[PDB]
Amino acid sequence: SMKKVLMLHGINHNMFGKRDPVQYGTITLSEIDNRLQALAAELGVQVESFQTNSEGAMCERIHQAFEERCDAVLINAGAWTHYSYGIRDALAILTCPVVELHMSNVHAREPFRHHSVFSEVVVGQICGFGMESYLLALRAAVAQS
């Protein structure tokens, strides 16, 4: 009865918040997932989170989301965003809304981060708002429904 949203954390994201606190902050993947769960309860949906450093494991989770008729997918694939055509063609299989998000303003960083290979297979993109990027992406998917 409840809509299911899948959160896909990308390569190197298990290391969020484990670097120098003064320069990189302390936000961890665990805190992000808690904030997503907090907002999900108010929105009346379920959020399941998945993190991997393996491109094949990411694609196979996407395949599973297609077969399990997931209602919406949020993805911050990390560096994969800028070259992994395999994940791009995995996301293309999905028929539910796909929301791309980034904590940082990728369009103002190194040139290679300015381009996303997912642009044609996602509804839209959100970047630059830190932790709030995740919550805004969850909001975007729920409003799509």
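Residues carry their position along the shown sequence, with the first being 1.
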item: Greater mean Cα temperature factor according to the PDB record, 18-26 or 118-126; value: 18-26
item: Selected stretch [higher average CA B-factor]: 89-97 or 64-72; value: 64-72
item: Per the PDB entry, maximal CA B factor within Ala41, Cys59, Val106, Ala79; value: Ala41
item: Entry-reported Cα temperature factor of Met2, expressed as the chain third it lands in; value: highest
item: Modelled-residue ranking by C-alpha temperature factor, third containing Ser49; value: lowest
item: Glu110 - Cα temperature factor, lowest/middle/highest third of chain; value: lowest
